[PDB]
Structures are given as C-alpha cells and as structure tokens.
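Chemist: turn this into a structure:
(chains A and B)
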Amino acid sequence: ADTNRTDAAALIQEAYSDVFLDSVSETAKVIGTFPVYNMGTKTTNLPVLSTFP
Amino acid sequence: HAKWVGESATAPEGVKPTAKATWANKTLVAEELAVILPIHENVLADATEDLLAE
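Modeler: Numbering: from 1, shown residues only, chains lettered A, B, ... in the order given. The relevant structure is shown in the block below.
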C-alpha cells in the first residue's frame, strides 16, 4: 500500500487565475458614427421639399 | 346658588342649604388627511412646466 493523491486530497488545494476573465466589450457604433441631435421633448418635426414645378 | 335664610332653631327656613360644582371634559383627537400623486418619469421630463412643483 501507499498514501496516494486521493488519500492526501483534503490537503491538496487548487489555485485560481484571471488570464481569461474579462468584462463585456462596448461594441456599439451608431451614436459614434452618425449625426446626433439632442431632443428636448418626445417628438421633433423635420420638414422636407416633396415636389417642385 | 345661594338662598335667603331665616333665623329659626327648628323650622326649615333657618337651614343654610347645600350645593355642588361640576366639571366636564372635551377632547382633541388627531386624524389624518392624505393623497398620493403618481406620475411617469418621461411625462415629467417632456412637459414644459415643472409638474412636480404643480
């Protein structure tokens, strides 16, 4: 017989490491790329020329 | 109230009468008036007036 790893297991601690632990990345683009308008109320009206003579 | 009093040693007229004071009680009991006014955050942001002050 011998004292094997399962017999000593109560005094064989595992380690921990963070090399693969990360927060979510911020992937969003549209507010960064397109023109932004600061709205002051729920609705804004945008008039456009529709037809001309 | 007082009475008019006689001078007899034996007749009912000569007796000084007996009488009472009395007190009573009134109470103040406190009672509660209330209301709750709920509003939605976006309505409160989009309105032109300070609706929380209103």
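
Chemist: what is the burial count for residue 3?
Modeler: All of this is about chain A. 7 (other Cβ atoms under 10 Å in any protein chain shown). Backbone N, C-alpha and C define where each C-beta goes, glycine included.

Chemist: chain B is the one I meant
Modeler: Around residue B:3 there are 10 residues (other Cβ under 10 Å).

Chemist: my guess is it meets residue B:19, correct?
Modeler: No. Between residue B:3 and residue B:19 there is no contact under Cβ atoms under 8 Å: 9.2 Å.

Chemist: between these two, which contacts overlap?
Modeler: Common contacts of residue B:3 and residue B:19 (Cβ atoms under 8 Å, 6 or more residues apart in numbering or on different chains): none found.

Chemist: chain A: strands as residue ranges?
Modeler: Along chain A, no stretch is classed among the strands by DSSP state E.

Chemist: then stretch A:15-31 to CSV, C-alphas only?
Modeler: Taking Å, rounded to 0.1, in the frame of the first residue of the first chain, the C-alpha atoms of stretch A:15-31 are listed here in CSV:
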residue,chain,number,x,y,z
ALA,A,15,-5.1,27.6,-7.5
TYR,A,16,-7.1,30.4,-9.3
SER,A,17,-6.1,32.7,-12.2
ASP,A,18,-7.6,35.6,-14.2
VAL,A,19,-5.9,35.4,-17.7
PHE,A,20,-9.2,34.6,-19.5
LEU,A,21,-11.6,36.7,-17.3
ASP,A,22,-12.9,40.0,-18.9
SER,A,23,-15.9,42.3,-18.8
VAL,A,24,-18.2,42.7,-21.9
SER,A,25,-16.7,45.0,-24.6
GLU,A,26,-18.7,48.1,-25.7
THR,A,27,-19.2,47.2,-29.4
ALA,A,28,-21.9,49.8,-30.3
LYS,A,29,-21.3,52.3,-33.1
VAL,A,30,-24.3,54.4,-34.4
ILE,A,31,-24.1,57.2,-31.8
